[PDB]
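The structure appears below as structure tokens.
Protein chains in written order, with UniProt numbering: chain A, 217 to 269, 275 to 321; chain B, 252 to 324; chain C, 252 to 321; chain D, 153 to 364; chain E, 124 to 308, 313 to 369; chain F, 4 to 165, 186 to 309, 315 to 341, 374 to 451; chain G, 81 to 123, 136 to 238; chain H, 103 to 153; chain I, 306 to 311, 319 to 391.
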């Protein structure tokens, strides 16, 4: 009855330690860094030829941002309050007032 | 801030061995730092010198500038 | 090792103090030579960025080549 | 005088208008930290103290909920803040947020406002759940219910079926349906339980649709 | 001695008499904590304030000015009615908006819960200012070594260098910093996004690896130094081979 | 397998349980016994309606409690009550006389040192804990909520077999153990006992709560606390925690009303009054006095020891009375560290100090906050003007 | 016989799996399911083959999920922007007139520019300086800074 | 089934986007006149703020 | 920073994120080199092809409108 409680307490104690967390976090950081080094070397070589790889094509466009960019630009242009036509009306009236 | 003498002694021993352990890692990190720093310095020096000779090729291309200029005036 | 308990504790205190001092000492020299290496790298980079800038500006002369062949 | 009583009027009306923002710094001090400068016979405060008030607009009543407060003090040597007293409940780890901000070296009032905004959003993420659940109760979309303090685990009877939910901020992450009904086969149960997951804003709509 | 204090009390005597811990009631102090310690660059003023004593309802019309961008501050005006008793709001109305932000803020102001609208407008202003700051710093770091063109109504910029590996081989990079107003799907605040694009000789590089490069380098070095360093990588490899 | 059920009967001394029963009023006895007969019946012959009218006619005749207790212990259930009833009587005893029981706090932590806000559905917890405990000891577990607090309370009792005895086959009882859970907080409350059985119990709760990530309990205080109300106030999820002592009004939060509140009654227009302090130390030097200034001096003492002029809870009784505190000042003078360790004992340390301040044996302006009551219930060391809880 | 096991052992598989395999989980959480199934290890031979194929298919399924929500959020932001613009034009016009709003955009531009021209060709061209032409040219630039 | 109920939402939103695409559509050939007028305007714009 | 002298970089990013409320391109989870492939996800979510082509059609309509407006040229004289 003593021994079982002792071993259970040890089991609980082990998994809550700081080192157990720190080692896993460090390993994740190592993996991230090595992947980053791989990618940077690959892309700089691709920029400089002598690449001996792929990293140079757009056969698919599943991941993209041009959509939101393009529509935000258009919405800014078509704005009924800041649109180019509203702008030109304001400046036209200002110039007319200046002239007359 | 331990209170009991036994706790004081135990904490003192733990603190002593922790300091001893920390010193070795602190020593070890410096060699890696030296390696990284000298690697970066050598890389930057190589960049500077090969940019100097790339600019040498560029002044040869400025001799070609000067030829294209003679070929028109 | 030594006999009296009070002597043991006093030696422990001395040991802790010298450990702290030794751990403190090395940082200074490491940081000083680190700083010297850092500023050497900094001035070499200050020259390298020049070399960069006139190499880039040389494309104006490259235009002076290839815009003759308009 | 007459001017003072009448101009306090507009200034505090603007102060209302500023409490209309929710996150609201307010001043504070600690009595024991006052001392004398020994030559001018003048008093001064040793350690600065900042107060934050945390008001959330209750659209359910068009009033504001009972506010929350968090209070910060400066260390003696470090010239940096530390979390001394606060009203924020313990399930909001304000100390951890403070230690996370700027690596723990909270100095600037901008860092303090970052910390304050974090705790305020964390409080709004509680009131936002409580408001919608009480709204569902009010319109009889659900029968009686019981809530935990932070409104993260919630139990309710819809008509006769009863459900257990565990929600993060704005989102349901797990669901459980407990009652047994003739039409409530395991496949029916499973697809109901799966459909109940997602953002909380759609829960009212989908529950009303799945009324039967 | 004994003193009577109120919202107008001098802070010095409030402090000298301070043996409690309650909030300091000094009223301009609360207003300042609100106005220039949690909402700096928010120049607000109440335009009308009459209360209808017969109905017992306060009537307000209050005007705001957000001046993070002093070159073109945007403004807004709320009319507002509350019960003046039992602490309840009746209604509020946006009487006026500066045209420069009308559309971009309308969806936010279409939402109720004024707290959301006002403080989100505030954070929108500061985030726009920071966006412009990041771009201008990058432009400064690159201007003379590589001329560079801000475009898409200040949302994205372009940089360029001519690779010398091949004869006049060009390399082209452009970056995006888009700010999105809230309203739909997690929070209620304005939020921003970064993405980059690269070309060599007009040939676009696959965007997955480029995005992950952006991700990693920004996380390692922040947006500022991270993006300066992105430009170092992409616009200066030939120097960099070793 | 070894999980017990409600119909089993333990063994114990009859006189002790009789004395326990005598504490309860007549009405609760009537209710408990009606429920027990409804669920289990009894040796008595007749319908519950017959039992109802017998108990009635017994009570309108003004019979004494002894008759009912003797009936319960000698005719209705003469051989002994069930484990369920034994747990129920202790539940009622705790609810009726909360101040008779002691508690200790314990904090739940996860791997990264963060607080783990425990959120608990009772069914999974109880089944898992019962299955975990049954493999080692015979365990009966009873769970209930406090009538007036947001806390779930559990009673755990362990049994073992048989001094000498023949084939009667009972299981002898043992002193019980208690645990409590606030709804949303990292803290746990449990009884004060360090026998191996309590350790086994607490370890079993720590094991069973987890279900997705490891969990460990870290004690935060070494001296017990009474009266579950008080420990809930001190460390439960509430506004008073980290706003104790002079800082209680923020926990009250009634000083400030919502902004849309009426103008003319907003307290800012109306204000309040306070006393001016004195800083040149005339305390040790030395009826020639008048009422008003003395009144506000007493108010000053009140707020310094209570945090509000009206004195939010006699004038000395404090919010949560503290029986023991041990402090240790560490100050540097001429590059020499000096230790002073104060030890206080009583029923309310800070109330007594407040009384001494009223009698003018202590100078209010030189009482530090930690001595006034903030960091309440925490003994600790003060360095650099910052309180630090003892390890 | 302690050691012989022709199966995976217990406690080596996520909570959702050790619940579902032996009984009804009493609750569901897709996020828990995906971060549990992502832990499943590599390994009769037919059972092993179906295990590997099914696990790979499941990993691809949750990857497809994640990709889907990633695109979904951007689509929602887009639709919000378009809704804002459409509402603005709808209220500005007070009728639909929206296809012709976009079409007559360029026509309105050219007519606005020529009616501008007939006065600006002196009001700013003959002024020939930013300060001299302030009210028109500098106003245009200041508005170009909004 | 989760993937399917993502998929249906993507169809719905793409239908909205297609509706707006049909909304904005209109023909155009004479952009050259606008370009010439804009060049004429750019003449004065440069005369004012060519810097 | 990580191993030379035990940072400024990651903490700078954290503050930038908490002050900007900044999106950034998240990675994609994987296991045992079970990496994403475009064909499988595109088949499992058929919608993405329709989304791509109709967003394209939208983009060409919007772009030809923009070019006919010459807004880029009109704004170039204000850059």
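Cβ atoms here follow ideal geometry from the backbone N, Cα and C, with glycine treated the same way.
Checklist line | Partners in chain D for residue 331 of chain I, counting only beta-carbon separations shorter than 7 angstroms | finding: Indexing the ninth chain from 1 puts residue 331 of chain I at position 19. Neighbours of residue 331 of chain I in chain D, taken as residues at a C-beta separation under 7 angstroms, are given in chain order as 266.
Check: Within this structure, are the beta carbons of residue 284 of chain A and residue 340 of chain E separated by less than 7 angstroms?
Finding: Working through the first chain from its first residue, we reach residue 284 of chain A at position 63. Working through the fifth chain from its first residue, we reach residue 340 of chain E at position 213. At a Cβ-Cβ threshold of 7 angstroms, residue 284 of chain A and residue 340 of chain E do not count as neighbours.
Notebook entry, point to check: If we ignore side chains and look at the alpha-carbon of each, how far apart do residue 324 of chain E and residue 135 of chain E end up?
Noted result: Here residue 324 of chain E refers to the residue found at position 197 when the fifth chain is read from its first residue. Here residue 135 of chain E refers to the residue found at position 12 when the fifth chain is read from its first residue. Those two C-alpha atoms are separated by around 59 angstroms.
Checklist line | Backbone secondary structure at residue 347 of chain I - three-state DSSP | finding: As a first step, residue 347 of chain I must be located in the ninth chain, where it is residue number 35. If DSSP states are grouped into helix, strand and coil, residue 347 of chain I belongs with coil.
Check: Do we get a CB-CB distance below 7 angstroms when we pair residue 180 of chain G with the residues of chain E?
Finding: Counted from its first residue, the seventh chain places residue 180 of chain G at position 88. Yes, residue 180 of chain G counts as interfacial toward chain E.
Next item on the list: Report the option in D/327, D/155, D/212 and D/322 whose CA atom is closest to the CA atom of residue 313 of chain E.
Entry: Residue 313 of chain E sits at position 186 when you count from the first residue of the fifth chain. Comparing Cα positions, the closest option is D/322.
Notebook entry, point to check: What is the rounded straight-line gap between the Cα of residue 143 of chain H and the Cα of residue 304 of chain A?
Noted result: For the purposes of this step, residue 143 of chain H is taken as the residue at position 41 of the eighth chain. For the purposes of this step, residue 304 of chain A is taken as the residue at position 83 of the first chain. Within the model, the alpha-carbon separation for residue 143 of chain H versus residue 304 of chain A is close to 18 angstroms.
Note to self: I'd like to know whether the C-beta of residue 208 of chain G is nearer than 7 angstroms to at least one C-beta of chain K.
What the structure shows: No chain K appears in this structure, whose protein chains are A, B, C, D, E, F, G, H and I.
Next item on the list: Would you kindly work out how many angstroms separate the C-alpha atoms of residue 298 of chain A and residue 122 of chain H, rounded to a whole number?
Entry: As a first step, residue 298 of chain A is located in the first chain; it is residue number 77 there, counting from the start. As a first step, residue 122 of chain H is located in the eighth chain; it is residue number 20 there, counting from the start. When only Cα atoms are considered, residue 298 of chain A and residue 122 of chain H end up about 16 angstroms apart.
Check: What's the call for residue 283 of chain B, buried or exposed, on a 16-neighbour Cβ count within 10 Å?
Finding: Residue 283 of chain B sits at position 32 when you count from the first residue of the second chain. Label assigned to residue 283 of chain B: exposed.
Next item on the list: Give the residues from the region 215-241 of chain F that approach chain A closer than 8 angstroms (Cβ to any Cβ), ordered along the chain.
Entry: Answer set for the region 215-241 of chain F: 219, 222, 223, 226, 229, 230, 237, 238 and 239.
Check: Does the distance from the CB of residue 174 of chain D to the CB of residue 238 of chain E come in under 7 angstroms?
Finding: Within the fourth chain, the letter at position 22 stands for residue 174 of chain D. Within the fifth chain, the letter at position 115 stands for residue 238 of chain E. Between residue 174 of chain D and residue 238 of chain E, the C-beta gap is smaller than 7 angstroms, which places the two residues in contact.
Check: What are the partner residues of residue 125 of chain H, as DSSP defines its beta bridges?
Finding: Here residue 125 of chain H refers to the residue found at position 23 of the eighth chain. Residue 125 of chain H pairs with nothing; no bridge assigned.
Margin query: Are the CB atoms of residue 335 of chain F and residue 269 of chain F within a distance shorter than 7 angstroms?
Written below: Working through the sixth chain from its first residue, we reach residue 269 of chain F at position 246. Working through the sixth chain from its first residue, we reach residue 335 of chain F at position 307. With respect to residue 335 of chain F, residue 269 of chain F sits close: the two C-beta atoms are nearer than 7 angstroms.
Next item on the list: Below 7 angstroms CB to CB, which residues in the same chain sit around residue 92 of chain F once its five sequence neighbours on both sides are set aside?
Entry: As a working mapping, residue 92 of chain F is identified with position 89 in the sixth chain. Here the set comprises 23 and 24.
Next item on the list: Give me the Cα-Cα distance between residue 222 of chain G and residue 319 of chain A, rounded to the nearest whole angstrom.
Entry: Within the seventh chain, numbered from 1, the residue matching residue 222 of chain G stands at position 130. Within the first chain, numbered from 1, the residue matching residue 319 of chain A stands at position 98. Their backbone Cα atoms lie some 14 angstroms apart in a straight line.
Item checked: Distance cut-off 6 angstroms: residue 234 of chain F Cβ against heavy atoms of the ligand SAH -> This structure lacks the ligand SAH; in fact it carries no ligand of any kind.
Item checked: Beta-carbon proximity check, residue 101 of chain F vs residue 250 of chain F, cutoff 7 angstroms -> One-based indexing of the sixth chain puts residue 101 of chain F at position 98. One-based indexing of the sixth chain puts residue 250 of chain F at position 227. Cβ atoms of residue 101 of chain F and residue 250 of chain F: closer than 7 angstroms.
Checklist line | Beta-carbon proximity of residue 323 of chain I to residue 156 of chain G, cut-off 7 angstroms | finding: Stepping through the ninth chain from its first residue, residue 323 of chain I is reached at position 11. Stepping through the seventh chain from its first residue, residue 156 of chain G is reached at position 64. Residue 156 of chain G is positioned such that its CB atom lies no closer than 7 angstroms to that of residue 323 of chain I.
Checklist line | The beta strand (DSSP E) enclosing residue 387 of chain F, as first and last residue numbers | finding: Position 327 of the sixth chain, counted from the first residue, corresponds to residue 387 of chain F. 384-393 is the extent of the beta strand (DSSP E) around residue 387 of chain F.
Note to self: Any contact between the region 109-124 of chain H and the region 369-380 of chain I? By contact I mean 3 or more CB pairs, one from each, below 8 angstroms.
What the structure shows: When Cβ pairs closer than 8 angstroms are counted between the two stretches, the region 109-124 of chain H is seen to touch the region 369-380 of chain I, the count reaching three or more.
Check: In chain order, what residues of the region 131-142 of chain F put their CB closer than 7 angstroms to some CB of chain A?
Finding: Cβ contacts with chain A: 139.
Notebook entry, point to check: How is the beta strand (DSSP E) around residue 203 of chain D delimited, first residue to last?
Noted result: Position 51 of the fourth chain, counted from the start, is the residue given in the question as residue 203 of chain D. Counting along the chain, the beta strand (DSSP E) containing residue 203 of chain D begins and ends at 201-206.
Check: For the region 191-203 of chain G, which residues have a CB atom closer than 7 angstroms to at least one CB atom of chain H, in sequence order?
Finding: In summary, the residues of the region 191-203 of chain G whose CB is separated from some CB of chain H by less than 7 angstroms are 191, 194, 195, 198, 201 and 202, in the order they occur in the chain.
Item checked: For residue 351 of chain E, three-class secondary structure by DSSP -> In the fifth chain, the residue the question calls residue 351 of chain E occupies position 224. Secondary structure of residue 351 of chain E (DSSP, three-state): helix.
Item checked: residue 30 of chain F classed as buried or exposed, judged by whether at least 16 other C-beta atoms fall within 10 angstroms -> Locating residue 30 of chain F in the sixth chain gives position 27, where the first residue counts as 1. Counting the other CB atoms within 10 Å of its CB gives residue 30 of chain F a total below 16, which places it among the exposed residues.
Next item on the list: Determine, using beta carbons only, whether residue 164 of chain E and residue 261 of chain D come nearer to each other than 7 angstroms.
Entry: Within the fifth chain, residue 164 of chain E is the residue found at index 41, counting from 1. Within the fourth chain, residue 261 of chain D is the residue found at index 109, counting from 1. Contact flag unset, no.
Note to self: By the DSSP assignment, the beta strand (DSSP E) with residue 335 of chain I in it spans what residues?
What the structure shows: Here residue 335 of chain I refers to the residue found at position 23 when the ninth chain is read from its first residue. Residue 335 of chain I -> no beta strand (DSSP E), and no H or E assigned at all.
Next item on the list: Evaluate the contact criterion for the region 290-305 of chain F versus the region 129-146 of chain E: three or more CB pairs, one atom per stretch, below 8 angstroms.
Entry: Segments in contact, yes.
Check: Bridge partners of residue 203 of chain E, per DSSP?
Finding: Mapped onto the fifth chain, residue 203 of chain E falls at position 80. BP columns for residue 203 of chain E point to E/183 and E/215.
Margin query: What does the Cβ neighbour count give for residue 157 of chain D, buried or exposed, with the cut at 16 atoms within 10 Å?
Written below: Counted from its first residue, the fourth chain places residue 157 of chain D at position 5. Burial state of residue 157 of chain D is exposed, judged by a 10 Å Cβ sphere holding fewer than 16 other Cβ atoms.
Margin query: Just to make sure I have the definition right: I need the residues of chain H whose C-beta is within less than 9 angstroms of the C-beta of residue 340 of chain I. Which are they?
Written below: Along the ninth chain, read from residue 1 onward, the residue named residue 340 of chain I stands at position 28. Within chain H, not a single residue places a beta-carbon under 9 angstroms from that of residue 340 of chain I; the smallest gap is close to 16 angstroms.
Checklist line | residue 284 of chain F in three-state terms, based on DSSP | finding: Position 261 of the sixth chain, counting from 1, holds the residue named residue 284 of chain F. The answer is coil: DSSP assigns residue 284 of chain F none of H, G, I, E or B.
Next item on the list: For the region 246-271 of chain D, enumerate the residues whose C-beta is nearer than 9 angstroms to any C-beta of chain I, in chain order.
Entry: Here the close residues are 252, 253, 254, 255, 262, 263, 266, 269 and 270.
Notebook entry, point to check: Three-state secondary structure (DSSP) at residue 221 of chain D?
Noted result: In the fourth chain, residue 221 of chain D corresponds to position 69, counting from 1. Here residue 221 of chain D sits in strand by DSSP.
Check: Using a C-beta to C-beta distance shorter than 9 angstroms, which residues of chain F count as neighbours of residue 265 of chain B?
Finding: If you number the second chain from 1, residue 265 of chain B lands on position 14. Ordered by position in chain F, no residue passes the 9 angstroms Cβ test against residue 265 of chain B, which lies about 13 angstroms from the chain.
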